[PDB]
There are 2 protein chains.
Amino acid sequence: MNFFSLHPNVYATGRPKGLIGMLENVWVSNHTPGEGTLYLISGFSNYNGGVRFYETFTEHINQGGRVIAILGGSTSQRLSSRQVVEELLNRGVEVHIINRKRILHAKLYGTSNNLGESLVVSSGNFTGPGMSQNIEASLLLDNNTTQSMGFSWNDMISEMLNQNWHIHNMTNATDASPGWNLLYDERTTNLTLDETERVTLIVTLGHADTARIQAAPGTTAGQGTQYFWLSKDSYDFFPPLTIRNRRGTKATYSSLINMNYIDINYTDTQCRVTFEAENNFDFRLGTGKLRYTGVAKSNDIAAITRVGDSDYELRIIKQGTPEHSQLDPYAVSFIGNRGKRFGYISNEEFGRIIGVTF
Amino acid sequence: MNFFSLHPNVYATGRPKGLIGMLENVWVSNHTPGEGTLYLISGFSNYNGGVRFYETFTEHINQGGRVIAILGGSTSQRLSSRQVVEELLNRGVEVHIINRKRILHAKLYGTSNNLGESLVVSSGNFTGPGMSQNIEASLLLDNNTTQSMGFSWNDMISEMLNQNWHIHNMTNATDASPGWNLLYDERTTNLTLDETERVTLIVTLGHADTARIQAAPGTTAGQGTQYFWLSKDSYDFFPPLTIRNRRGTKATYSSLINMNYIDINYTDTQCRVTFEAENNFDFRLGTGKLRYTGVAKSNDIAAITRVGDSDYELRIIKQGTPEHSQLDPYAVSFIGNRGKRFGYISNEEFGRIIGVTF
């Protein structure tokens, strides 16, 4: 069967609700690890664009499969990052970088094996924004439809490799490989946060989020892991999630960020945001600094405002207050199964609503 | 039948070789003017992105159909131009601009008519580069495929307009509409021509191109409209083609450029480049300044080198010469029945073939 999605959460004809969902179909739900070849073609790429799938690629390759990535690169434009490429190569992905005045602009993903070809054509790059909040269209075609059309990955990739283009095969790259100069460094960011990044995440809180916050100081009810559970698809809202779990543990990808907890007048400069890549793909924010403080309870909202690449402010928006009534409608998308919702709002307008100039 | 293309001329499952071909299909070959609705959704748009299809839309609207365009806008990023939006509005197109921090990034085109829904999903924006030399993937789904999978334009568009996005309806807008601030002016360009634009078009010349150049001075054989017929899809190689013919013999779209005719040491500051939108969707260069000069013959090559946004150099590369033997293989795309070919080469590579530093 074939599927179409316009994400985030706008329109979908079936089960897959966006690019992540389409790739989950072709690379997870309808794929056997180790069979054939996974393909990813994307003009732009960054680290958080791949966190959902690095483990997928690793198991596929560990089970005898191949992964081929063809990504854009440039000395004068930020297309694909060193970080994403480092990571793909380290998993055994075969990575080719195309350098061309008119860029590789295509975004195509899928698989080829003995059974047939699957194909996802998208507007979404293999980037955090492509996988998250950009308004993106994606179309998945199944084996029967690609067969009837005559589509072949092998034939297409063979043609791409015979155009005279400047294509750098980075598989087995060393430090000397000139392909590195086509890849930008995610750690290089502008002095001030771009206007497009100046947003606040609004999320409703539940009993998991707040039990240990409400717990009387020092009581056992307050003990244990204290997280705010955030949306599964927050790839674009956080810096590169490059901090990894210890060997032998479930795979996670994290960043340390500055979290200015406004309600207790305290900045945690080691606040951890974590993507759980071998559980249920949740984002979780380590909010242990709020343990026992009482600052939040179920049905309150957390407003997490991004003010720098890695700088954030957290405010509790208390239920039954005017601010909560104006912000609760912005949490439009459901997370999990107990009524949690989230969404984003500009900092400009969040501010307007709470009385703050950012 | 469904079709897939990776353009320019890389891979294709079927007759359509690129996005223009796909759009020709859904909007022209399999369409009755005035029946139902044509749809265009594109994050980025510019004037040359639309020249192939402005008359198509005009005819469709004149025969009682609708065209709906939803385009990206931004005060700080060159998303959609004032020029393309004005042109679409002038034809009766209903244009909507989305202002969102995470932008409208989708590119999807098609129709809803009596036969059902047709859908093209692409990487290619409604821009010169998207329609020409960017490496773009495009997928066209026929009425049976869209019906089976459950895709509906009206349901999708309805959802898009109920997201609480900042969408500016530009139809019958005041000049005070905030929407206007979300468009950029295509007349404004970089201080210097970007490296990505620094390219030369190579074209083989035939009898029609040179008859009047070879004609004896003052004879009727040298009179009449004098053109080089250049290419078929050079939408990104020229400036916005916003000079129109009223009705003409047929609709055309032109720009005045500076053409330095290197072989006669003369710069024409009013050289007209013209795209013919009615007959065969061709680019022609007005080379009347060469009439009766003898500087070119059939089987010679013309090289047109872009050296600024509106500045070009023309050189005749004489057959039999080593430069001609070296440049000839760059002319890889056939135009018309008679052997004419054209293609692009970087100014850097061209400079090195002809011993010139650009």
Side-chain angles (χ1 to χ4, degrees), chain A residues 4-12 18 123-124 129 132-138 195-196 198-200 202 236 326 329-333 343-350 352-353, chain B residues 37-46 49-50 57 61 66-110 112 121 125-127 152-184:
Chain A
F4 175 87
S5 59
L6 184 73
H7 82 233
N9 303 121
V10 181
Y11 174 78
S123 54
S132 180
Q133 283 289 306
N134 276 2
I135 301 168
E136 308 279 12
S138 309
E195 190 174 80
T196 52
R198 297 168 170 167
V199 301
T200 295
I202 299 300
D236 61 332
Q326 293 170 81
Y330 285 86
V332 197
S333 297
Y344 298 94
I345 176 171
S346 73
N347 292 351
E348 279 181 81
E349 190 59 12
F350 181 60
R352 206 285 313 307
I353 292 181
Chain B
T37 302
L38 308 192
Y39 297 94
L40 144 35
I41 298 175
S42 189
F44 295 69
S45 61
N46 80 1
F57 298 154
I61 288 161
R66 292 174 68 185
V67 186
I68 294 181
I70 302 175
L71 304 175
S74 166
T75 61
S76 60
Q77 190 165 359
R78 294 161 57 94
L79 301 189
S80 296
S81 72
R82 189 186 93 179
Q83 285 86 1
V84 68
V85 168
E86 287 172 347
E87 186 68 62
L88 288 168
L89 291 171
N90 287 339
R91 313 314 181 91
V93 181
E94 294 165 48
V95 178
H96 300 270
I97 309 300
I98 295 178
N99 172 27
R100 192 167 175 274
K101 286 182 181 304
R102 286 280 181 252
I103 62 160
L104 175 66
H105 196 267
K107 310 100 169 45
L108 72 142
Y109 308 95
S112 183
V121 172
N125 290 293
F126 201 72
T127 63
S152 156
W153 281 106
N154 188 66
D155 289 353
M156 183 182 72
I157 301 290
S158 293
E159 291 300 315
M160 293 181 71
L161 307 184
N162 286 273
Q163 301 295 309
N164 298 307
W165 294 341
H166 299 139
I167 310 183
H168 295 269
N169 175 4
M170 299 307 292
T171 313
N172 296 312
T174 77
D175 276 20
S177 168
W180 292 115
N181 288 153
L182 295 173
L183 309 176
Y184 73 97

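Order of the sequence lines fixes the chain letters, A, B, ..., with proteins taken first and strands second; residue numbering starts at 1 for each chain. FYI, side chains are in, hydrogens and waters are out, and symmetry mates aren't considered; it's all heavy atoms of this structure.
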- Message: Go through it in stages, so that I can follow the logic: the residues are B:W165 and B:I70, the test is side chain to side chain contact (heavy atoms under 4.5 Å, CB included), and I'd like the CA-CA distance, side-chain angles, deciding distance and then a yes or no.
- Response: CA-CA 12 Å; B:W165 294 341; B:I70 302 175; over 6 Å; no
- Worked check of side chain to side chain donor-acceptor pair (under 3.5 Å) between B:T127 and B:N46: CA-CA 5 Å; B:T127 63; B:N46 80 1; 4.9 Å; no
- Message: For B:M156 and A:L6: C-alpha separation, side-chain torsions, deciding distance, then whether side chain to side chain contact (heavy atoms under 4.5 Å, CB included) applies.
- Response: CA-CA 8 Å; B:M156 183 182 72; A:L6 184 73; 4.0 Å; yes
- Task: Could you walk me through whether A:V199 and A:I345 pass side chain to side chain contact (heavy atoms under 4.5 Å, CB included), step by step?
- Result: CA-CA 6 Å; A:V199 301; A:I345 176 171; over 6 Å; no
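Neither side chain, B:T75 nor B:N181, offers a donor N or O lying under 3.5 Å from an acceptor on the other.
Side-chain N or O atoms of A:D236 include none that pairs as donor or acceptor with a backbone N or O of A:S132 at under 3.5 Å. Listed for the A:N347 side chain is a donor-acceptor partner under 3.5 Å among the backbone atoms of A:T200. Put simply, the side chain of B:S74 never gets that close to the backbone of B:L79: no donor and acceptor are under 3.5 Å apart. Without hydrogens or angle criteria, A:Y11 side chain to B:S152 main chain gives a donor-acceptor distance under 3.5 Å. Between the side chain of A:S123 and the backbone N or O of A:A137, at least one donor-acceptor pair lies under 3.5 Å.
The shortest heavy-atom contact between B:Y184 and B:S45 is OH-O, 4.0 Å. B:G72 approaches B:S80 most closely through the heavy-atom pair O-OG, 2.7 Å. Closest non-hydrogen pair, B:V95 versus B:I97, comes out as CG1-CD1, 3.9 Å. Between B:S42 and B:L104, the shortest heavy-atom contact is O-CD2, 3.9 Å.
Here the side chains of B:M160 and A:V10 are in contact, with some heavy-atom distance below 4.5 Å. In this structure, B:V67 and B:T37 have side chains that are not in contact, with every pair of non-hydrogen atoms separated by 4.5 Å or more. A heavy-atom distance below 4.5 Å is found between the side chains of B:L182 and B:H168. With contacts defined as side-chain heavy-atom distances shorter than 4.5 Å, the pair B:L88/B:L71 qualifies. Contact of the B:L38 side chain with the B:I68 side chain is not registered, since no non-hydrogen atoms from C-beta on lie closer than 4.5 Å. The closest side-chain heavy-atom distance from B:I103 to A:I135 is not below 4.5 Å.
Under the side-chain hydrogen bond (donor to acceptor under 3.5 Å, both in side chains) criterion, B:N154 pairs with no residue at all, not counting sequence neighbours. Applying the side chain to side chain contact (heavy atoms under 4.5 Å, CB included) criterion to A:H7, with sequence neighbours excluded, gives A:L19, A:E136. In this structure B:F57 satisfies the ring pair (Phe, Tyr, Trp, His ring centres under 6.0 Å) test together with B:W27, sequence neighbours excluded. For A:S5, there are no side-chain hydrogen bond (donor to acceptor under 3.5 Å, both in side chains) partners two or more places apart in sequence or in a different chain. Partners of B:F44 by ring pair (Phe, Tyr, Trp, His ring centres under 6.0 Å), not counting sequence neighbours: none found. With sequence neighbours excluded, the residues forming a side chain to side chain contact (heavy atoms under 4.5 Å, CB included) with B:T174 are B:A176, B:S177, listed by chain and number. Partners of A:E349 under the salt bridge (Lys or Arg N to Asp or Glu O under 4.0 Å) rule, at least two apart in sequence or in another chain, are A:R352. In terms of the ring pair (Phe, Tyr, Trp, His ring centres under 6.0 Å) criterion, B:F126 has no residue partners (sequence neighbours excluded). Checked against side chain to side chain contact (heavy atoms under 4.5 Å, CB included), B:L161 has the following partners two or more places apart in sequence or in another chain: B:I157, B:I167. With sequence neighbours excluded, no residue forms a ring pair (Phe, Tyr, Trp, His ring centres under 6.0 Å) with B:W180. The salt bridge (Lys or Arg N to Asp or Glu O under 4.0 Å) search around B:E86 returns B:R82, not counting sequence neighbours.
Shown here is A:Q326, whose CD atom has more than 12 heavy atoms of other residues, nucleotides or ligands within 6.0 Å.
Residues in residues 88-101 of chain B take part in these side chain to side chain donor-acceptor pair (under 3.5 Å) pairs, two or more places apart or across chains: A:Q133-B:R100, B:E55-B:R91, B:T58-B:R91, B:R66-B:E94, B:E87-B:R91, B:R91-B:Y253.
The distance from atom CZ of B:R102 to atom OH of A:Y344, rounded to the nearest 0.5 Å, is 8.5 Å.
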